[PDB]
Structures are given as C-alpha cells and as structure tokens.
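For reference, the structure is listed below as structure tokens.
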Amino acid sequence: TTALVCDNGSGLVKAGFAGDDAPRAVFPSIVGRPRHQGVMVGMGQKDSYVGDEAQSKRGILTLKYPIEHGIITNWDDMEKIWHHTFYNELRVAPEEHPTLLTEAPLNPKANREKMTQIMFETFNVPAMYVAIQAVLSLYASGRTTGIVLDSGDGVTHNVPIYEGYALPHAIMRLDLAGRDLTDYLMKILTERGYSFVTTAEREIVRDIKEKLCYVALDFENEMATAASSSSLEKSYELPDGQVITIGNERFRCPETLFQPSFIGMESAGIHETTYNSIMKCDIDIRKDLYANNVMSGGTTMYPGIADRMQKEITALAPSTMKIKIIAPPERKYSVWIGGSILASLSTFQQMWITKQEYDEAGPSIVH
Amino acid sequence: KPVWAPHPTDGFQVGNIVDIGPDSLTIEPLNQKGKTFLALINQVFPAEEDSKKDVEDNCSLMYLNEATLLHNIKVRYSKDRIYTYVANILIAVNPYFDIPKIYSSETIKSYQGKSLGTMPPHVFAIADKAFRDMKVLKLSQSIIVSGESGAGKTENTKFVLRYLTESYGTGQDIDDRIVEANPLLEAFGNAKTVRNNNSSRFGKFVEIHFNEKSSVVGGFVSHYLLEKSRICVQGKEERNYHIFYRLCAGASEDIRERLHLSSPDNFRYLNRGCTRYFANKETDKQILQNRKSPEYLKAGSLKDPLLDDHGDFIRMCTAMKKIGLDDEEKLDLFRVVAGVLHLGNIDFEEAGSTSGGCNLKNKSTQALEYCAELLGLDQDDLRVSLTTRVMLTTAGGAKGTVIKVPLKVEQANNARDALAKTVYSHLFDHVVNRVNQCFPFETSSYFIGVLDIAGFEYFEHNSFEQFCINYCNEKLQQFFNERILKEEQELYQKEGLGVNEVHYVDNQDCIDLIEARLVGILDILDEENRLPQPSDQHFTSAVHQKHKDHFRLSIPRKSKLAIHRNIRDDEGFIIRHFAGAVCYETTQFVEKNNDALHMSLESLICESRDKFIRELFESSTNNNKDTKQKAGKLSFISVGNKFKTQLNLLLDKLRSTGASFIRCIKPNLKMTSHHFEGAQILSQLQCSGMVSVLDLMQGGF
Ligand SMILES: Nc1ncnc2c1ncn2[C@@H]1O[C@H](COP(=O)(O)OP(=O)(O)O)[C@@H](O)[C@H]1O
Ligand SMILES: [Mg+2]
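Chains as they are written, first to last, in PDB author numbering: chain A, 5 to 371; chain I, 5 to 705.
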C-alpha cells in the first residue's frame, strides 16, 4: 500500500514509511569484512556485517561507507545496504511499496540510471521516483522561495529555488563538508598526541565531531580568548578510559567552514557560495532570496551556525536589507520530513515512474 | 450438470459452469447471483448425479471428493448419523448432546459379535473389528484415536472400553477406575491452549492385555510426549499444569499456611500465562480473597463447559480414594507439588570469591527454607549443589580428590529448571505406577492398545513442543500411508477384484530432515547446547547455512504471508507438512532442549531422607555412589533424544501390531449441539489426510 521513503545519505541512511511520523530506521551506513583470522572458527560468522552490528564490531572489521564522494563504492556492496535495510531492518516487502530514492543535486551519470535499473530488476518494486535531497528540504520548510542547503557527509550543496522551478544559472556544489571535516578533525587531533589512523577507529573521531566542536562568533577573537585559555579546554572521555583535553583545535576544526583554504581547496567558504549564487540571480528576484536562506542536513548541527553565518552574510549583503537565516529543528531528519511530505501529498502519486512505464523504457530517458 | 464452487461461509457451494476455458472457469452459484467469479482446476470439483441422497458408507458415492464428503456429513449431521464409514476409516462427529440410541444397552447387544459393513457404522463397529482379527490371523490390535483437541477422543475411548467389557467376557475385574482416573491425570497434564480450554499436553496409551483364549488378564496405562517445557514458560493466555490452580483455590488454611502456598502471582513458574481459575458463579464466591491473583481481581473466573477448578478439587480427591491413595500419601503428594513451587522461587546472582561463579539472592532465603522442609534435603547442601560442577581425580590416580567448579548464572537457572522438570517427570510416572499397581497383568499373549494423543497443533504462536507434536503426526501419517493405502490395495487383489498397487506422495525426505543425523534440524538444535554461548539466532541461521535450498522448509523472510512479514531471519523457521506450512518461532530453544542432571544434583534428590521423594526417583535411577564405578555418563541427553527414543519405541509397537483408524471431528468451536461450522470442519478434513486417501483408492473400480 503506502510508499517507502528511503534517503540515500552518507550518514545516517534514513528509512521510514510515507507519513504520518518520524523515520523508522537510522543507521551508520557502513559495511565491514572481518580483518583478523578466526581461531575460534566462529561458528558461521557473517561475510559482511552491515550497520548497526558493524558499529558493534569496531576494531575487528574494516569499515567501508557504501557511497564515497556521492558515488557508490560498487553496486555489490550497495545492494547489501538495500537488502539488509528492507529485509533485516524495516521488515518491508519489496513488491508491496512504491519507493522513493534520493540523490545529490549535481551528481554524474550513471549513478541514478544504474541504481534505478538494478533496484527495478533485482527487487521488482512496482513504482519508483528519485528526488534531489535539496528539493525535499523545500517541502520540509514549507516556503515557496529560497536558497536550500543540503549539507551532509560527504557532499554539501547550495540550490536556489524560486516558485516553482529550479534556477539553472546559480546551482553550486561545494565538496567541503562533511567527510573532509571528519578527516580534518583526525588531522588536527594528532596535535595533542593521539592516533586514530585505523579505519574502524575513525568512527570514534566522527563521534567527537558530533559532541564537542564549536564555531566561533569571530575567528580572530576566539583566537584572542584562546590566549586566555581555560574554558576552551574541555575534557572528553574516550571508550578505553583515555581523557582528552581539546581547546584551541576545538574551535579550529568547525571554523573550517569559513576560510576553507586550511583543508586545501581554493574555493571560498559557505559565506561566498551563498553570496556568489545570489549574485548570479536576477536583480528583481534577489529581494526574496534574501531572508529565505534555509539550512538543512545534519552537518549544520554544529553550535555557532547559523549566527556566525548570519553575522557574516549580513555584513556583505546590501544595506537596509533583511537577512535572517532560517534554521529548523532536528535538521538531520529535515531531508526525511521532506520525503514524507512529498510522497504523502495528493495527487503526485501519478508523478512517479511505475513498473509498466519502466518495462517500456528500461534505463533510457531518465529525466 | 453442476459443480462445486469454494464459498467462504459454506466452504463449498453448488454452481453451474457458464463460461469455460482453463484458468478462466466462470462458475455461477445455484439459483444465486452471488460469487459469479472465475476459477482454476484446484477450485472446481464435480458434483453427483443427484443431491437428494445421503449414504451410510461413502462406497456408493461415485463423484467422491472433499465437497461431496463434507456434504454427506452435513446431511448426516441433521439426521444424527455421527458415526460414518469412510473407506476403512471411522469418522465420528461429536454431537455435544445426549442421544438415547447411542447410550442404549440394546445397541451394544445388537452389535454384539457382528461383522463390519453388514451392520450400520457405529463406535462398536470398530471395537468388534479389532477383535475378529484375534480369531482370524491371531494378531494384537492397536486402537488409535486421532482428531483435534477437545474432540471427544477420551469420551469415545470410554465407549470402546465399554464394548470390550460387554461382548468378549466381562473383561477386567473393575472397569470404572479407568473412567474415574482420567480427569485425575488430566489435573497433572491438561492445560489451557488457544485451540481448546480443556486440552491434553501428553499422549496416554492404554494397554489392555489378554491371553491365548482372548480373555482379559489386566491393564497398563503409560504416557508418551509429556509437555515438560510448560513448566518453565507458560505462555500468555495458556496456563501451566491444572494441579497448581486446583491446589491453591479451595484447600484448607491449615494446609496452605503449612505448605506455605500463596496466590499464583508469587511463584516463578506461575509468573507468565493465565493465573485465573476456571469457575462458575457459586464456586467463584467460595474462593477466598487471599487465594486471588491481581488478574483474578481484575477479570475473575475463566469459562469452560465442564472444568470448574474449585468443583474439580473434590472430584480429584474423591478419585484419589477410588484408586487406593491414602490421605497421608495425598499429603506427601502435596509436599512434592509444593516443593516444585518453592524450588522455582530460587533466584540466582553472580558475586562471590570465584567471581565468575554463582550465588543466590537474599530474598530467596525464606523460600529456600520452605524448599528444604518439603523435599527432605538440607538448605546448605542444596545451595552448594545447584551452583557447582562436581568432578574427581581418583580415576586418573591414587592421589584422588573430588573438586567443585562453580557454574555460570544462566547454567544455575538452567540446572534449577532441569531439576524442576526432572521431579515432575518422575512424579507423573509415580501416579501412573500407583494406578497400574491395582490392575496388573498375568501371562500376556494378545493385547488391545488404545492411544489418546493430540493431532496437528498450529496457531498464532507455535514453538518447539508444537513442532514435536506436528512431527509425531507426520510419522503417524507415513504409518497410515503403508497401513491404510498400501495394505488395503493388497486386499482388493486378494479377492481378485482388481485395482493396481499404486504409490502415494511420500514424505521420507522430510523425515530425514527433522530427525536425521548431522544435517537434521534436531541434530543441530542438540548441538547448540554443547556449544559455549548458545543462541537461537545461531541455531536458526545454522539450518539455512547447512542447506541453502530444500522445498520442505523456508525462513519467514521467504514466506509470502503478512504474518511472517514481521518475523526476521533469525526469529523462526517454516516447515511444509501434510497439514500445510507451519511457522515455529525461535526463542528459548536452547533451554527447552535442556533437561538433564549431573552427579551433584543426582546424589542429593535421589538420596533424599523422604522415602516418597526417594521412591519418585526409584531404582535404577537411585544408585549408590562409590569409588571407581567408573565413568560420568549420561551427561547432556536432551529433550530431543528423549522424544526421538520414545517416539520410535511407539513406532515399533505400531509396526508390530494391527490397527483401527478413528478420526473424531468437532462440528463447532463453542462445543454445543446443532451448529455446523463448515469451514472449521473442513480444516479437520484437510488436516487429517482425508482428501489424499479418497482419490488414490478409486482407480478403475
Ligand atoms: N550535533 C552534531 N554536530 C555536528 N555534526 C553532526 C551532529 N550530528 C550529526 N552530525 C554530522 O552530520 C552527518 C549526518 O548528516 P546527514 O543530514 O545524515 O547528511 P546526509 O543526509 O546527506 O547523509 C554525520 O556524518 C555527522 O558527522
Ligand atoms: Mg545529502
């Protein structure tokens, strides 16, 4: 009967039926083969553990996220994500649901083709639709205008939408957030004598990326108050009992989203991708793009964004103009609440790709 | 000419064919504009030449199928012709009311010494038939009563014993003890199930022995497949045994304060399932406030047409004095049942010097004191016996000592649960040995057995015990395929009539899938207890790991049903059987297969000071422990090889003797007169092999 909302994040892949309430399944995405020799002999241990059990098995597997820079690792592992989720998580039958898949706003072919085709031929789904993660965040906001931020691991995007079509000449994809922020946290945490070089153990870094990082009100002045060090040094406890005190690097890491030259990319910060996409939109329409800056995704849940972003954009944006940055609740599930609103909305059930139409066209004409 | 169309409320209804093509057979109902749908070959069966005829034997019905067989039974339900000859199988329908003709003594006196088929179908037409083979071929006969639970397999059994004690001598010295003692042993073994409120959880087998001249010489009743797994886990609407609810309900306060009994909610083996009593309005107000559970204060008495727990406690103790049981020995029987209740209330924990061992909890100190008073073994000596693994070094050398290695907390709970199943096992064998003592047999030759065991059992929550019950039905149906189909077609060619020696659709690959060594399901479950860190998920995945494909089984993920859509890979398995595909959930499978004691619990309960407890554990179970005797056998054993040994031993008594084929059909779920369900009655014809036997036999004649 009901449609199935599946968001192909890199997180935190999200799954839940079409309305009326929250996603049923959230899990850390990973597939991991056992990287040691089994002298007890098992018995019968898994060839591949998927998440959640592959996060209950850190230090004994080699974790591989199923999508890497928004592209699949191979569809052999991707299919194990799908099969595991539908059968061994959700408990949903393949031929009893219209599905909804998500992709990035700008992603190369044949990643949506090969996907659409393999899921139709393998699981035999009776209807399918593929939405960009940004468009679903517009439905979640409820507004009819604005620049949309899908910032998730490992690809962020800046999509401007104006009632009710997408603007071709101002769509920006920045590869700055969020896996490069995980890897950067691992690169500046060595500065305090720690090591996390092991693939599974990198997850422990991801968990410290969640809880203790904070964005400065201004870089230069937090560097000033760092010279007065005490409150910056906060003590985290690590699963083997180790106590870690991070302070300067604590505000340095998130600070990356402004002035990203520290990572190694020449492209400018969230600051400039916001301004430069707005200043490629027509003069008259710009008026309503200002104050409809809408954030989304889990990688915008660092503390100090959006009011760093607000103060910085408001300084460059035109004089006597209104610029409020709209930050909803629970942004990590924003995208999903988008998908839920879409597939529940009448009459757009008949804007899906159904099995008879797929049988006719195969992997051709995906538009 | 019309055909039969499957209807939801009638099962099968009459209807003509008004458009025809394979897989597009349009069947119009008879003078009804109802289900004007299309069918398939397995949804269309032909009808007879005329609908205004009903027959005693179904040998006169040419268009015989399941719709014409359920229609002959629907008409003979009206005319009260409950006993009906189907091929060579008696089908009996329970009318649930008193009909004088079946209770007439002239009916037994007419049928006295009369040949099968030259006289009407009746209960006494089967009991004379398994007596004429004693005079023809000189062979012993096993009466097997099959059918749904609460279908009259125990009540129709008393008609069979009444015919044998009236037409072939006066039989055994005093009959009526067998009739009186069946509700007595049903206190001990009957429980409450989803299928029927009064259901039997054991397979009794009466053995009436005779001599060379075919005169009765005595009796022996035993029991097969005891549901001891009901002790540890009761269920949700199911009860445990019916003796604990019959003992705490009405009995004295100068017996309940002394045996330290209390309301059902306090005891571990009564902390799951239904704690309510079966009662009626006068008996309910006779139950005192302290005897009520919180669920009884909330929902009161349970409803059954004949069970009254407070009523049945007087008819239990009257039936005890009728089998010769002394009132002081009834008090020793009450001390063992109360000792199981204060054994279950031992709660364990970890702690101590060993650290990885086990101790007991503080709140089980008042309960351990009442347990050592009831069993006859000391409290300190039971606390260092439940928690340890005794072994010795004497066998390996003259430096001998006997060490103790403390067990885990889960193995302390499994040893206490195995000690509780061991006491009730030998207690049930002591009650049937006390009744067997009053009618012993002298110089046996011929003998007439009467089986009373459950049919196919499947509902909303099936488990291990429903798989052992459905497997025992699958072994009996392969016995019936070589005794009802292979044997009878040898007899049509012994009269020169004709018919070929045609083969049936076998299930020998399924038999060598449940009990088969190495790759069978019970041989992978019995290996699970031998493993350290045993799990139901490892055992369920080990079946699908051992054989990837096999048409007799599938996991809930591969089942198309909605009920199985919510059940995961590691949560159950589905076996396709003669009665269809039945899912058995997996959880607590490790402990359900566990039922054994090592020497530290055996050299304490057997050696009890109490002669009664010591006699429950009678010789050779009780044996002296002494130097170099010389090995630690039998260790694990398991419920699955207890059941495989006791099932294959009854197969050697069935393959070696003649038999009678009786099926008892329940016409309505509420158990009252003049109500024909039609669809539930069809399910008892579809879960009893009736469709397959009435298609193979027909042939060229
Ligand atoms: N409280 C938090 N603070 C900072 N980052 C967070 C927080 N919670 C989650 N994240 C990051 O957000 C990511 C999840 O983002 P998500 O919205 O799932 O992106 P996508 O939907 O594209 O997969 C995780 O990789 C995690 O590192
Ligand atoms: Mg995304």
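Ideal Cβ positions, reconstructed from N, Cα and C, are used throughout, including at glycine.
Residue span of the alpha helix (DSSP H) that contains residue i, given as start and end
i: residue 340 (chain A); result: 338-348
i: residue 603 (chain I); result: 603-609
i: residue 434 (chain I); result: 413-440
i: residue 288 (chain I); result: 285-289
i: residue 548 (chain I); result: 540-550
i: residue 140 (chain I); result: 133-140
i: residue 357 (chain I); result: Note, residue 357 (chain I): premise wrong, no alpha helix (DSSP H); not H, not E.
i: residue 112 (chain I); result: 109-115
DSSP beta-bridge partners of residue i
i: residue 8 (chain I); result: I:18 and I:49
i: residue 587 (chain I); result: I:578
i: residue 668 (chain I); result: I:96
i: residue 10 (chain A); result: A:19
i: residue 178 (chain A); result: A:160
i: residue 355 (chain A); result: For residue 355 (chain A), which the question treats as bridged, DSSP gives no partner whatsoever.
i: residue 408 (chain I); result: I:394
i: residue 297 (chain A); result: A:151 and A:329
i: residue 208 (chain I); result: I:227 and I:456
i: residue 170 (chain A); result: A:165
Coil, strand or helix - residue i by DSSP
i: residue 448 (chain A); result: The displayed coordinates of chain A run from 5 to 371. Any statement about residue 448 (chain A) would go beyond what the structure contains.
i: residue 451 (chain I); result: strand
i: residue 661 (chain I); result: coil
i: residue 196 (chain A); result: helix
i: residue 227 (chain I); result: strand
i: residue 145 (chain I); result: strand
i: residue 560 (chain I); result: helix
i: residue 393 (chain I); result: strand
i: residue 313 (chain A); result: helix
i: residue 4 (chain A); result: Any answer about residue 4 (chain A) is impossible in this case: the structure gives chain A only from 5 up to 371.
i: residue 123 (chain A); result: helix
i: residue 465 (chain I); result: coil
i: residue 172 (chain I); result: coil
i: residue 485 (chain I); result: helix
i: residue 126 (chain I); result: coil
i: residue 221 (chain A); result: coil
i: residue 34 (chain A); result: coil
CB of residue i within 7 Å of CB of residue j, strictly
i: residue 65 (chain A); j: residue 32 (chain A); result: no
i: residue 687 (chain I); j: residue 459 (chain I); result: no
i: residue 170 (chain I); j: residue 112 (chain I); result: yes
i: residue 185 (chain I); j: residue 439 (chain I); result: yes
i: residue 345 (chain I); j: residue 271 (chain I); result: yes
i: residue 174 (chain A); j: residue 284 (chain A); result: yes
i: residue 273 (chain I); j: residue 235 (chain I); result: yes
i: residue 97 (chain I); j: residue 671 (chain I); result: yes
i: residue 410 (chain I); j: residue 397 (chain I); result: no
i: residue 8 (chain A); j: residue 101 (chain A); result: yes
i: residue 328 (chain I); j: residue 617 (chain I); result: no
i: residue 251 (chain A); j: residue 236 (chain A); result: yes
i: residue 220 (chain A); j: residue 167 (chain A); result: no
i: residue 3 (chain A); j: residue 347 (chain A); result: Residue 3 (chain A) cannot be examined here, being either before or after the span of chain A that is shown, 5 to 371.
i: residue 48 (chain I); j: residue 7 (chain I); result: yes
Contact test: residue i Cβ vs ligand 4 heavy atom, cutoff 6 Å
i: residue 74 (chain A); result: With respect to ligand 4, the structure shown offers nothing to examine, as its ligands consist of ligand 1 and ligand 2.
Residue range of the unbroken beta strand (DSSP E) whose run includes residue i
i: residue 68 (chain A); result: 65-68
i: residue 201 (chain A); result: Careful: residue 201 (chain A) lies outside any beta strand (DSSP E) and carries neither H nor E.
i: residue 76 (chain I); result: Residue 76 (chain I) -> not in any beta strand (DSSP E); alpha helix (DSSP H) instead, spanning 70-82.
i: residue 87 (chain I); result: 87-90
i: residue 30 (chain I); result: 29-33
i: residue 238 (chain A); result: 238-241
Practice problem: Please go through the region 79-111 of chain A and give each complete beta strand (DSSP E) segment of 3 or more residues, from N-terminal end onward. | Solution: 102-107
Quiz prompt | Every unbroken alpha helix (DSSP H) within the region 289-359 of chain I, with a cutoff of 4 residues, ordered by chain | solution = 298-303, 313-325 and 331-348
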